[PDB]
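Visitor: Okay, here's the structure, questions in a sec.
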Amino acid sequence: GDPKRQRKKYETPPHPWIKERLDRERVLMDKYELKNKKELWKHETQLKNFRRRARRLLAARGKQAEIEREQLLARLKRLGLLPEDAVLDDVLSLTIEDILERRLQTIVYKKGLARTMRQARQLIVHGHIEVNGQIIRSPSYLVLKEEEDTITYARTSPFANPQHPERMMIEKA
Amino acid sequence: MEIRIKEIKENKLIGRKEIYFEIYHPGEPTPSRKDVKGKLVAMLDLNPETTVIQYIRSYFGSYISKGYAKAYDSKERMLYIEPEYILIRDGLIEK
Amino acid sequence: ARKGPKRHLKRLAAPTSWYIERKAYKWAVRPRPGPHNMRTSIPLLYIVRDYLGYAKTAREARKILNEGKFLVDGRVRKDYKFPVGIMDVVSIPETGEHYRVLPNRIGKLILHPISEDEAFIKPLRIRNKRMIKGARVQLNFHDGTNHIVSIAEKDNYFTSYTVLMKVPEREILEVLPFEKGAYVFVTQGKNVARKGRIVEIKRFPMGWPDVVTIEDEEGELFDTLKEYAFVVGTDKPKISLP
Amino acid sequence: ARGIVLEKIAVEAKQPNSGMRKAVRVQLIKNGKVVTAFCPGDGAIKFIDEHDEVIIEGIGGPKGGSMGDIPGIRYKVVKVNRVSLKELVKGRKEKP
Amino acid sequence: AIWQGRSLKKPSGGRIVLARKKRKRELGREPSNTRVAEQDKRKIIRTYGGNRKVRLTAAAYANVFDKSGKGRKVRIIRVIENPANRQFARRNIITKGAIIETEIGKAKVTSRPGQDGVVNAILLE
RNA sequence: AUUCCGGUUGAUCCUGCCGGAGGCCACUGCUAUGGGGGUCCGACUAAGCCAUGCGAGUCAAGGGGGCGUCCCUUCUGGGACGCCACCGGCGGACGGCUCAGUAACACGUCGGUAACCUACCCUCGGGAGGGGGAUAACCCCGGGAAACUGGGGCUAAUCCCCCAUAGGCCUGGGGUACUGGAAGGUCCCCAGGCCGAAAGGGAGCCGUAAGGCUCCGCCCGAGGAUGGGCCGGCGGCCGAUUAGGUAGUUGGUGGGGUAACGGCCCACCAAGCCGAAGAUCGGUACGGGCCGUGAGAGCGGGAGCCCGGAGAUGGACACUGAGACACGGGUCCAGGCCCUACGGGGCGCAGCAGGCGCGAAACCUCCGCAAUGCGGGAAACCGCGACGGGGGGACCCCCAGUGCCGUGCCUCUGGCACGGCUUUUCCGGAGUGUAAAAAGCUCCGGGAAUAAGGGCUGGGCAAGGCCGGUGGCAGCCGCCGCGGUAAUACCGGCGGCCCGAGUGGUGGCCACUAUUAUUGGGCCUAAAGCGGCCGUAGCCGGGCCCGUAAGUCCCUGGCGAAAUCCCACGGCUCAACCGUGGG
């Protein structure tokens, strides 16, 4: 009899040094400008959990099984990882890049609010980005589809002024 | 500083009125208890000597600060019900 | 290391029938002995504070209770540890509010608003019947309450019957028998908070409890215990039980 | 474990290896048992004198036993006089 | 005191080791040897939970009933037999199974003098 | 990720083990900028020993007094107002701490008590009649070094005692009125007996009085409710280099005792009872919910949070109470201490802080009853090292920083020069926050300013055929294996590769390991078929028909606490965390 112990939310690679895995992870890190490998492993295990849930639900029968299947599909569609007309089979086709593209940093960069991923990360950390009115300072936050169009400069941040030198530099792109 | 009264309730067992409100304000210091009480009393037509602000709580990276207050019917009832610490904080007793 | 009765109750160990936050704090009110069981009861403090939100602190709740502002079964209750059980009428005259305590579909206790005219009626299931000194018959109800009648009226009451009592005067209004077609309400078990009409009764050897089958409005047949089958009418419920 | 250095000794590397490995004899404070502890480092031996208080720790080897070409030695010195032996040999600290 | 707890031997002949100290609720009392005398002697004992017991140590009168519910208070003379103990008959000790003889003949005890403090008996036909 | 790679040879294929590679827990080297959430922090060795402080109090609406203020009538004395102590009531048997002992009905689950007790609380049906007596406080006088304690007088009660009636128990003879599945139960009528109640006390508002209204009270009976006691079926370690164990032992009859049934005990009658399906004896250990690991089967642990059980230096005993044979109550022995004016008298932190010892191994001698809850009170309210708040700590988990942009140069996975921008974080202020603080959250001012280390570099395994030192010596090496004067393998510099507020070393568990093999291993030559056969328990057993349904399968009621686990939604900025529903 032992009490609860809070667990890690990421899984380390089975072998620290594999050439192909190291090269692939290095490419992903360079592309998405993540701070360290634990963030990438966190997203990888998120994808793994989704895939495991889909695999378990595929071969399950029962009202609870149908409810869980519907909830999984609805949650993925809400997160924006799958189209509206998706099916459970389409879950297994998800890739790490799909999750990486939903990060607040990536969406901020894509929307043209920052010249580069590093600039977007600094903006998020310093609180120049507001999501649905709230200011979120977590670059790894997964933006929901329903609120993807509400991301913009904080109404009090200097970046909100169109005449700001940094804003003009960003717009010059 | 704009105060929006989200909810108002009438407690009759305890002869008071509970007011939940939200203070919207662009970048500015968190409003002081004296200013909040004065504005609330002026807006809602309450007795100044019978209103106690339970709290004015601000959140992370937000321009809306929530606030909870109570307005009693009787000063004696207010003294009998409210604890000493909240009244001292609101400056109703000289301490 | 145990030498006598307990006086405390940890929140994690509180009964599952309470709408309580089991992790906000450590202790919970330990109900005093009273009418109903531990499982089918809740201290009046939680009704005053959590369920209704008339007070924000236990001190305020105790002050209001001591001021005699809350009536249970038509009698003012002042202690904050008084158990409140199923089929109980909670009255707040000052706000003119009247609630009936009933189980939920998941076994939790809830307050169902009732009418002022209906607030004067309490159903009581005859848990037991016996004879006492003299020639009088004593009836023991589900909430531990007792009533006394004469030997002449012995056949007017039986176990599992229901009695409508006018509170606080404690006067008999009507007797609902337990028989086929009698409307019943399930008080606990898997089929709690379900209602229907009696269809069949089954007995078993030794001390095994009786089993009763109930037909619901939609026509579905389910089973439960005779003791769990609470009679609340004859053809249509006389007490609002939604 | 903790112990007191009794004497400093040397052992011969096994065949085909050839060399002197410098160890110490340590008496445990727990029960007074005497064991042999190897001193890791290029010049670790000169940093240990008799009657010195040392901390010994298992030596990484198969089945939690001996290591490399020095069987009969199961422990290595980690700290001498409550100071790290690695730090002393590397030169960032002075032996108290 | 007179412990009345569990036995220390299993039915298989093994040995049991106490896992706890003796508890107060498990204690008994000394036997009450009701003796025939010239005057009744009784005492009051406070028992578990605050209840009460009346212990009769010396018995002089007996309530004897004869097949019709007619009870008589008759003095006890001697104990003829007592199957409970082989020495109680000789020691003149009254017991729930004892047989006595009173002014109106032989009777058999039917009560427990040490538990209710009364000697009741049925006449022998 | 349901996985492999290195090592027996001149070279090959096997068996077999050893080592790498992953997760978790405990110590530990080097190193360290922040914020949140949690059930983390003297469990492993000593359930070893403790200085000092605190951890259980409350009631003036039960009673008589002392002190002080006031209104006074006025030597009298009346009344308010507070403070103090005493008697008196309740509580102190809960909570808090530890895992020593225990292989046991201790624990888990399902049932039984028709064989039993219970203050506090709820309902109903009843009662409160007449007397009597001490003593605390106070006063006089002390004794004793202290700790304690004597004598005399004067008082009150919800203090104590007695009488009376209701009521309680036992037994004998009759009727069957009730609940139950079934009455040694309950109800009614006679008879013999034992035992045997109360406080109409207190407070407020009216009333000329009388009397009235209300609030908290007292006793008995029948039921509940709350907390328990006892009992039964089933379930969960290793040793046969432990094969016999038992004599109140197993059962009976008759009794005693208990609150209760019982060899629990007693008096007699019998020879019963347990055991290779492992008794007895010995080793180890608090049991469970659960946790760690694994794709799963499974293996291993079961200190922190919840439930249950035991203990209060090691034993043994009793008093008061509903409840104890009682951690901060009592008596004796053993063991260790303290004061003494030598006669004598006291103590045991496995309670919160703190100290010694033991060790590889673990923190402040802090603030508050503001929230939750408990005891007391009619209530306001008081106390609570429980709890809540903070302090120290590389306890676990979650979210971030140690800048960004444009141009130009360069030995371009980066560095440098120039011109701009942000303040996460740091520093100084105002609010909000808090029982009061602090931390957090909003805002104002200065400014890239305050912030990167640890191992490794021959393969297994990502990373140098570069330079200097040593020349079987120093040394390295989990394994293979390097070093003997051209060392990619040792030391150092310059480069590089892994992770990153972490990174290394040691012990332990799981996978690796189909090297424990039910899923799922082997036994001709590598470990292993008894030298051979006969046969008892056990295991596995030809075909068809009929019958029962014990196993088996399907459906449906009562259970298997909560927390923990998975899914969806909602609240703290998302998350960690918590709530609402389903599983």
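In the structure tokens, chains take the letters A, B, ... in the order shown, each chain's residues start at 1, and ligands count up from 1 in the order shown.
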Got a sec: who's within 10 Å of range 407-423 of chain F, counting only C-alpha atoms (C1' of nucleotides), leaving out chain neighbours fewer than 6 positions off, as a ChimeraX atom specification?
Guide: /A:30,122-123,125-128,157-159,164-167 /F:447-448
Visitor: As a VMD selection string, list the residues of chain B assigned to helix (DSSP H, G or I) by DSSP on the backbone atoms of this structure.
Guide: chain B and resid 33 to 44 48 to 50 75 to 81 84 to 89
Visitor: Residues of chain B within 8 Å of chain C, counting only C-alpha atoms, what are they? List them as a JSON list (two decimals) with N, CA, C and O atoms, in the first residue's frame.
Guide:
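Done, and the output landed in result-v5.json:
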```json
[["chain", "number", "residue", "atom", "x", "y", "z"],
["B", 11, "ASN", "N", -29.90, 38.10, 0.28],
["B", 11, "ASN", "CA", -29.93, 37.17, 1.39],
["B", 11, "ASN", "C", -30.82, 37.75, 2.48],
["B", 11, "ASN", "O", -30.57, 38.86, 2.98],
["B", 12, "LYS", "N", -31.88, 37.02, 2.83],
["B", 12, "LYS", "CA", -32.89, 37.44, 3.79],
["B", 12, "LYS", "C", -32.69, 36.83, 5.17],
["B", 12, "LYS", "O", -33.03, 37.46, 6.17],
["B", 13, "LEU", "N", -32.16, 35.60, 5.24],
["B", 13, "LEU", "CA", -31.80, 35.04, 6.54],
["B", 13, "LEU", "C", -30.72, 35.89, 7.21],
["B", 13, "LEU", "O", -30.81, 36.20, 8.40],
["B", 14, "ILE", "N", -29.68, 36.26, 6.45],
["B", 14, "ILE", "CA", -28.76, 37.32, 6.83],
["B", 14, "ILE", "C", -29.15, 38.55, 6.03],
["B", 14, "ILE", "O", -29.05, 38.55, 4.80],
["B", 81, "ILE", "N", -22.46, 39.95, 12.27],
["B", 81, "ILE", "CA", -22.20, 38.85, 11.35],
["B", 81, "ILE", "C", -20.75, 38.87, 10.87],
["B", 81, "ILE", "O", -20.03, 37.88, 11.01]]
```
Visitor: Extract, using only C-alpha atoms (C1' of nucleotides), all DNA, RNA and protein residues at most 12 Å from residue 46 in chain C, discarding same-chain residues fewer than 3 positions from it, and format them as a PDB file with C-alpha atoms, in the first residue's frame.
Guide:
```pdb
ATOM      1  CA  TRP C  18     -23.148  13.697   0.070  1.00  0.00           C
ATOM      2  CA  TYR C  19     -22.550  16.455  -2.479  1.00  0.00           C
ATOM      3  CA  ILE C  20     -19.283  17.382  -0.783  1.00  0.00           C
ATOM      4  CA  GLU C  21     -15.777  18.245  -1.969  1.00  0.00           C
ATOM      5  CA  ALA C  28     -16.279  16.779   7.881  1.00  0.00           C
ATOM      6  CA  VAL C  29     -19.142  17.086  10.342  1.00  0.00           C
ATOM      7  CA  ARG C  30     -19.799  13.751  12.030  1.00  0.00           C
ATOM      8  CA  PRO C  31     -23.604  13.357  12.086  1.00  0.00           C
ATOM      9  CA  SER C  41     -28.449  11.330   5.985  1.00  0.00           C
ATOM     10  CA  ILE C  42     -26.558  14.607   5.759  1.00  0.00           C
ATOM     11  CA  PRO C  43     -25.822  17.120   8.552  1.00  0.00           C
ATOM     12  CA  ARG C  49     -24.101  26.147   3.653  1.00  0.00           C
ATOM     13  CA  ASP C  50     -23.297  24.078   0.554  1.00  0.00           C
ATOM     14  CA  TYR C  51     -26.629  22.974  -0.921  1.00  0.00           C
ATOM     15  CA  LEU C  52     -28.428  26.303  -0.469  1.00  0.00           C
ATOM     16  CA  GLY C  53     -25.542  28.757  -0.093  1.00  0.00           C
ATOM     17  CA  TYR C  54     -27.301  30.819   2.568  1.00  0.00           C
ATOM     18  CA  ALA C  55     -24.054  31.058   4.562  1.00  0.00           C
ATOM     19  CA  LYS C  56     -20.399  31.159   3.551  1.00  0.00           C
ATOM     20  CA  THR C  57     -18.922  29.896   6.841  1.00  0.00           C
ATOM     21  CA  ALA C  58     -19.825  27.322   9.462  1.00  0.00           C
ATOM     22  CA  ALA C  61     -24.575  28.660   9.395  1.00  0.00           C
ATOM     23  CA  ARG C  62     -24.551  27.942  13.133  1.00  0.00           C
ATOM     24  CA  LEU C  65     -29.582  27.716  12.777  1.00  0.00           C
ATOM     25  CA  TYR C  80     -25.786  21.868  12.991  1.00  0.00           C
ATOM     26  CA  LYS C  81     -25.139  18.106  13.273  1.00  0.00           C
ATOM     27  CA  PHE C  82     -28.786  17.044  12.957  1.00  0.00           C
ATOM     28  CA  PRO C  83     -29.227  14.310  10.314  1.00  0.00           C
ATOM     29  CA  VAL C  84     -31.561  15.099   7.418  1.00  0.00           C
ATOM     30  CA  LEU C 109     -29.235  13.226  -1.902  1.00  0.00           C
ATOM     31  CA  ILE C 110     -30.925  16.247  -3.485  1.00  0.00           C
TER      32      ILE C 110
END
```
Visitor: Output as a VMD selection string all residues of chain D that backbone DSSP marks as strand (DSSP E).
Guide: chain D and resid 2 to 12 20 to 28 34 to 38 53 to 58 75 to 80
Visitor: Can I get the selection written as a short mmCIF file (atom, residue, chain, number, x, y, z; two decimals), in the first residue's frame, with N, CA, C and O atoms?
Guide:
```cif
data_model
loop_
_atom_site.label_atom_id
_atom_site.label_comp_id
_atom_site.auth_asym_id
_atom_site.auth_seq_id
_atom_site.Cartn_x
_atom_site.Cartn_y
_atom_site.Cartn_z
N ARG D 2 31.74 3.96 5.87
CA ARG D 2 32.77 4.83 6.41
C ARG D 2 33.79 4.00 7.17
O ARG D 2 33.45 2.99 7.79
N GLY D 3 35.04 4.44 7.13
CA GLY D 3 36.09 3.70 7.81
C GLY D 3 37.32 4.55 8.05
O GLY D 3 37.37 5.72 7.68
N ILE D 4 38.31 3.93 8.69
CA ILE D 4 39.58 4.56 9.02
C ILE D 4 40.68 3.82 8.28
O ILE D 4 40.72 2.59 8.29
N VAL D 5 41.57 4.57 7.63
CA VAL D 5 42.66 3.96 6.88
C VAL D 5 43.68 3.39 7.86
O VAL D 5 44.16 4.09 8.76
N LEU D 6 44.02 2.12 7.68
CA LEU D 6 45.01 1.45 8.51
C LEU D 6 46.40 1.44 7.87
O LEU D 6 47.38 1.80 8.53
N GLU D 7 46.49 1.05 6.61
CA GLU D 7 47.76 1.07 5.90
C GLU D 7 47.51 1.18 4.40
O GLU D 7 46.39 0.98 3.92
N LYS D 8 48.56 1.53 3.68
CA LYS D 8 48.53 1.67 2.23
C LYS D 8 49.33 0.53 1.61
O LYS D 8 50.48 0.30 1.99
N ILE D 9 48.72 -0.18 0.66
CA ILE D 9 49.32 -1.35 0.04
C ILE D 9 49.20 -1.23 -1.47
O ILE D 9 48.55 -0.32 -2.00
N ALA D 10 49.84 -2.16 -2.17
CA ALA D 10 49.77 -2.23 -3.62
C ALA D 10 49.54 -3.67 -4.05
O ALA D 10 49.91 -4.61 -3.34
N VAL D 11 48.92 -3.83 -5.21
CA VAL D 11 48.63 -5.13 -5.79
C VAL D 11 49.09 -5.13 -7.24
O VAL D 11 49.29 -4.08 -7.85
N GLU D 12 49.26 -6.33 -7.78
CA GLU D 12 49.76 -6.51 -9.14
C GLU D 12 48.60 -6.73 -10.10
O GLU D 12 47.67 -7.49 -9.80
N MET D 20 51.26 -1.67 -10.99
CA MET D 20 50.99 -1.59 -9.55
C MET D 20 49.74 -0.76 -9.33
O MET D 20 49.68 0.41 -9.73
N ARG D 21 48.74 -1.36 -8.68
CA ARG D 21 47.51 -0.68 -8.32
C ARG D 21 47.53 -0.42 -6.82
O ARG D 21 47.68 -1.35 -6.03
N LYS D 22 47.39 0.85 -6.44
CA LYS D 22 47.60 1.27 -5.06
C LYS D 22 46.25 1.37 -4.35
O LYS D 22 45.37 2.12 -4.78
N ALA D 23 46.11 0.61 -3.26
CA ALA D 23 44.88 0.55 -2.49
C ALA D 23 45.21 0.78 -1.02
O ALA D 23 46.37 0.94 -0.63
N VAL D 24 44.17 0.79 -0.19
CA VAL D 24 44.31 1.00 1.25
C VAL D 24 43.48 -0.04 1.98
O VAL D 24 42.54 -0.62 1.44
N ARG D 25 43.85 -0.28 3.24
CA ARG D 25 43.10 -1.14 4.13
C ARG D 25 42.27 -0.26 5.05
O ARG D 25 42.82 0.60 5.75
N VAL D 26 40.96 -0.47 5.05
CA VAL D 26 40.01 0.40 5.74
C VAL D 26 39.23 -0.44 6.73
O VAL D 26 38.73 -1.52 6.39
N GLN D 27 39.12 0.05 7.97
CA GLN D 27 38.34 -0.60 9.01
C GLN D 27 37.01 0.13 9.15
O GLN D 27 36.98 1.32 9.49
N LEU D 28 35.92 -0.58 8.89
CA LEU D 28 34.60 0.03 8.92
C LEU D 28 34.20 0.39 10.34
O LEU D 28 34.44 -0.37 11.29
N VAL D 34 37.59 -5.29 8.29
CA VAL D 34 38.67 -4.71 7.50
C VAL D 34 38.50 -5.12 6.05
O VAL D 34 38.33 -6.31 5.75
N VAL D 35 38.53 -4.14 5.15
CA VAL D 35 38.38 -4.38 3.72
C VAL D 35 39.45 -3.61 2.97
O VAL D 35 40.17 -2.79 3.54
N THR D 36 39.57 -3.89 1.68
CA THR D 36 40.53 -3.23 0.80
C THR D 36 39.78 -2.33 -0.17
O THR D 36 38.84 -2.77 -0.84
N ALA D 37 40.20 -1.07 -0.24
CA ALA D 37 39.57 -0.08 -1.11
C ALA D 37 40.60 0.48 -2.08
O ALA D 37 41.67 0.93 -1.66
N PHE D 38 40.28 0.44 -3.37
CA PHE D 38 41.16 0.96 -4.40
C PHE D 38 41.04 2.48 -4.48
O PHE D 38 39.97 3.05 -4.28
N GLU D 53 39.96 9.38 7.94
CA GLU D 53 38.57 8.99 7.80
C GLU D 53 38.19 9.03 6.33
O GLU D 53 38.33 10.08 5.68
N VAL D 54 37.72 7.91 5.80
CA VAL D 54 37.39 7.79 4.39
C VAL D 54 36.01 7.18 4.24
O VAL D 54 35.48 6.53 5.14
N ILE D 55 35.42 7.42 3.07
CA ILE D 55 34.15 6.82 2.67
C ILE D 55 34.42 5.94 1.47
O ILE D 55 35.04 6.38 0.49
N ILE D 56 33.99 4.69 1.54
CA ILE D 56 34.20 3.72 0.48
C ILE D 56 32.85 3.37 -0.14
O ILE D 56 31.81 3.39 0.53
N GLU D 57 32.89 3.05 -1.43
CA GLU D 57 31.71 2.78 -2.22
C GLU D 57 32.00 1.61 -3.14
O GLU D 57 33.13 1.43 -3.59
N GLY D 58 30.97 0.81 -3.41
CA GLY D 58 31.15 -0.36 -4.25
C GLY D 58 31.87 -0.04 -5.54
O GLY D 58 31.84 1.10 -6.01
N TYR D 75 35.84 -2.33 -3.42
CA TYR D 75 35.42 -0.99 -3.04
C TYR D 75 36.46 0.02 -3.48
O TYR D 75 37.64 -0.30 -3.68
N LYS D 76 36.01 1.26 -3.64
CA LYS D 76 36.86 2.38 -4.02
C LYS D 76 36.57 3.57 -3.11
O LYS D 76 35.44 3.74 -2.64
N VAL D 77 37.59 4.38 -2.87
CA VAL D 77 37.46 5.53 -1.99
C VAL D 77 36.83 6.68 -2.76
O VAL D 77 37.27 7.01 -3.86
N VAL D 78 35.80 7.29 -2.17
CA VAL D 78 35.12 8.42 -2.78
C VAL D 78 35.53 9.73 -2.12
O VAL D 78 35.86 10.70 -2.80
N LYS D 79 35.49 9.79 -0.79
CA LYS D 79 35.83 10.99 -0.05
C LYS D 79 36.85 10.67 1.03
O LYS D 79 36.76 9.63 1.69
N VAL D 80 37.82 11.56 1.20
CA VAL D 80 38.82 11.46 2.25
C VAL D 80 38.73 12.71 3.11
O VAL D 80 38.80 13.83 2.59
#
```
Visitor: Taking only C-alpha atoms into account, find every residue of chain E that has an atom no more than 12 Å from chain C, and write it out as a ChimeraX atom specification.
Guide: /E:20-21,23-25
Visitor: Could you list, as a list in words, every residue within 9 Å of range 85-99 of chain E, counting only C-alpha atoms (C1' of nucleotides) and ignoring same-chain residues fewer than 3 positions away?
Guide: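 The residues satisfying every condition are residues 33, 34, 35, 36, 59, 78, 79, 80, 81, 82, 106, 107, 108, 109, 110, 111, 112, 113, 114, 119, 120 and 121 of chain E; 254, 255, 256, 266, 267 and 268 of chain F.
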Visitor: What's around residue 70 in chain B at 9 Å? Count only C-alpha atoms (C1' of nucleotides), leave out sequence neighbours fewer than 6 positions away in its own chain, and write the answer as JSON, numbers by chain.
Guide: {"B": [16, 17, 18, 19, 20, 50, 51, 52, 53, 54]}
Visitor: Determine, counting only C-alpha atoms (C1' of nucleotides), which protein, DNA and RNA residues have an atom within 8 Å of an atom of range 5-8 of chain C; residues of the same chain fewer than 6 positions away are not included. Present the result as a list in words.
Guide: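 Neighbouring residues, sequence-local ones excluded: residues 27, 28, 29 and 30 of chain C; 93, 94, 95, 227, 228, 323, 373 and 374 of chain F.
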Visitor: Residues of the last selection are to be written out with N, CA and C atoms (P, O5', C5', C4', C3', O3' and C1' of nucleotides), as a PDB file, in the first residue's frame.
Guide:
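Below is the file that was written, result.pdb:
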```pdb
ATOM      1  N   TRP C  27     -11.454  17.478   7.479  1.00  0.00           N
ATOM      2  CA  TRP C  27     -12.518  16.991   8.341  1.00  0.00           C
ATOM      3  C   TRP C  27     -13.891  17.329   7.775  1.00  0.00           C
ATOM      4  N   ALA C  28     -14.880  16.542   8.190  1.00  0.00           N
ATOM      5  CA  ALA C  28     -16.279  16.779   7.881  1.00  0.00           C
ATOM      6  C   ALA C  28     -17.098  16.586   9.149  1.00  0.00           C
ATOM      7  N   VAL C  29     -18.262  17.232   9.191  1.00  0.00           N
ATOM      8  CA  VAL C  29     -19.142  17.086  10.342  1.00  0.00           C
ATOM      9  C   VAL C  29     -19.512  15.622  10.504  1.00  0.00           C
ATOM     10  N   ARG C  30     -19.368  15.107  11.724  1.00  0.00           N
ATOM     11  CA  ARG C  30     -19.799  13.751  12.030  1.00  0.00           C
ATOM     12  C   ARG C  30     -21.256  13.802  12.467  1.00  0.00           C
TER      13      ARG C  30
ATOM     14  P     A F  93      -7.777  10.747  27.076  1.00  0.00           P
ATOM     15  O5'   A F  93      -8.773   9.535  26.810  1.00  0.00           O
ATOM     16  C5'   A F  93      -9.530   9.465  25.608  1.00  0.00           C
ATOM     17  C4'   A F  93      -9.683   8.046  25.125  1.00  0.00           C
ATOM     18  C3'   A F  93     -10.816   7.824  24.128  1.00  0.00           C
ATOM     19  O3'   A F  93     -10.485   6.746  23.250  1.00  0.00           O
ATOM     20  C1'   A F  93     -11.216   6.538  26.048  1.00  0.00           C
ATOM     21  P     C F  94      -9.441   6.942  22.043  1.00  0.00           P
ATOM     22  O5'   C F  94     -10.088   8.087  21.149  1.00  0.00           O
ATOM     23  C5'   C F  94     -11.126   7.795  20.226  1.00  0.00           C
ATOM     24  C4'   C F  94     -11.594   9.044  19.529  1.00  0.00           C
ATOM     25  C3'   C F  94     -10.569   9.719  18.630  1.00  0.00           C
ATOM     26  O3'   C F  94     -10.530   9.146  17.335  1.00  0.00           O
ATOM     27  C1'   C F  94     -11.594  11.332  20.036  1.00  0.00           C
ATOM     28  P     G F  95      -9.129   8.773  16.645  1.00  0.00           P
ATOM     29  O5'   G F  95      -8.438  10.183  16.382  1.00  0.00           O
ATOM     30  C5'   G F  95      -9.030  11.134  15.510  1.00  0.00           C
ATOM     31  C4'   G F  95      -8.525  12.526  15.787  1.00  0.00           C
ATOM     32  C3'   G F  95      -7.030  12.741  15.604  1.00  0.00           C
ATOM     33  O3'   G F  95      -6.668  12.972  14.254  1.00  0.00           O
ATOM     34  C1'   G F  95      -7.693  13.624  17.687  1.00  0.00           C
ATOM     35  P     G F 227     -20.991   4.944  13.398  1.00  0.00           P
ATOM     36  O5'   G F 227     -20.173   4.408  14.652  1.00  0.00           O
ATOM     37  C5'   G F 227     -19.306   5.272  15.368  1.00  0.00           C
ATOM     38  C4'   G F 227     -18.785   4.618  16.620  1.00  0.00           C
ATOM     39  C3'   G F 227     -18.249   3.212  16.455  1.00  0.00           C
ATOM     40  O3'   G F 227     -16.962   3.167  15.867  1.00  0.00           O
ATOM     41  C1'   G F 227     -19.545   3.373  18.435  1.00  0.00           C
ATOM     42  P     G F 228     -16.400   1.775  15.301  1.00  0.00           P
ATOM     43  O5'   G F 228     -16.114   0.932  16.620  1.00  0.00           O
ATOM     44  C5'   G F 228     -16.466  -0.438  16.710  1.00  0.00           C
ATOM     45  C4'   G F 228     -16.682  -0.839  18.146  1.00  0.00           C
ATOM     46  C3'   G F 228     -16.584  -2.322  18.448  1.00  0.00           C
ATOM     47  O3'   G F 228     -15.250  -2.784  18.538  1.00  0.00           O
ATOM     48  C1'   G F 228     -18.488  -1.430  19.510  1.00  0.00           C
ATOM     49  P     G F 323     -18.752   1.365  31.384  1.00  0.00           P
ATOM     50  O5'   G F 323     -17.829   1.571  30.104  1.00  0.00           O
ATOM     51  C5'   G F 323     -18.003   0.781  28.938  1.00  0.00           C
ATOM     52  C4'   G F 323     -17.299   1.399  27.757  1.00  0.00           C
ATOM     53  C3'   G F 323     -15.821   1.691  27.959  1.00  0.00           C
ATOM     54  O3'   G F 323     -15.007   0.559  27.704  1.00  0.00           O
ATOM     55  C1'   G F 323     -16.891   3.604  27.071  1.00  0.00           C
ATOM     56  P     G F 373     -17.101  22.064   9.041  1.00  0.00           P
ATOM     57  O5'   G F 373     -16.326  21.226  10.154  1.00  0.00           O
ATOM     58  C5'   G F 373     -16.312  19.809  10.114  1.00  0.00           C
ATOM     59  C4'   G F 373     -15.329  19.223  11.097  1.00  0.00           C
ATOM     60  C3'   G F 373     -15.737  19.235  12.557  1.00  0.00           C
ATOM     61  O3'   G F 373     -16.657  18.211  12.886  1.00  0.00           O
ATOM     62  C1'   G F 373     -13.491  19.931  12.363  1.00  0.00           C
ATOM     63  P     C F 374     -17.640  18.387  14.141  1.00  0.00           P
ATOM     64  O5'   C F 374     -16.704  18.127  15.403  1.00  0.00           O
ATOM     65  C5'   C F 374     -16.177  16.836  15.660  1.00  0.00           C
ATOM     66  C4'   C F 374     -15.227  16.850  16.832  1.00  0.00           C
ATOM     67  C3'   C F 374     -15.819  17.284  18.162  1.00  0.00           C
ATOM     68  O3'   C F 374     -16.518  16.242  18.818  1.00  0.00           O
ATOM     69  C1'   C F 374     -13.774  18.407  17.808  1.00  0.00           C
TER      70        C F 374
END
```
Visitor: Any chance you could tabulate, as CSV, the residues of chain F at most 6 Å from chain C with each one's nearest atom pair and distance in Å to one decimal, using only C-alpha atoms (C1' of nucleotides), in chain and rising number order?
Guide:
```
residue,atom,partner,partner_atom,distance
F:93,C1',C:3,CA,4.8
F:94,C1',C:7,CA,5.1
F:121,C1',C:33,CA,4.8
F:122,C1',C:34,CA,4.5
F:123,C1',C:145,CA,4.2
F:124,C1',C:146,CA,5.1
F:178,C1',C:130,CA,4.8
F:179,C1',C:130,CA,5.8
F:181,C1',C:206,CA,4.7
F:187,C1',C:131,CA,5.8
F:224,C1',C:144,CA,4.6
F:225,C1',C:33,CA,4.6
F:226,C1',C:33,CA,4.9
F:227,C1',C:5,CA,4.4
F:323,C1',C:4,CA,5.2
F:372,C1',C:27,CA,5.4
F:373,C1',C:27,CA,5.1
F:557,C1',C:224,CA,5.7
F:562,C1',C:12,CA,5.2
```
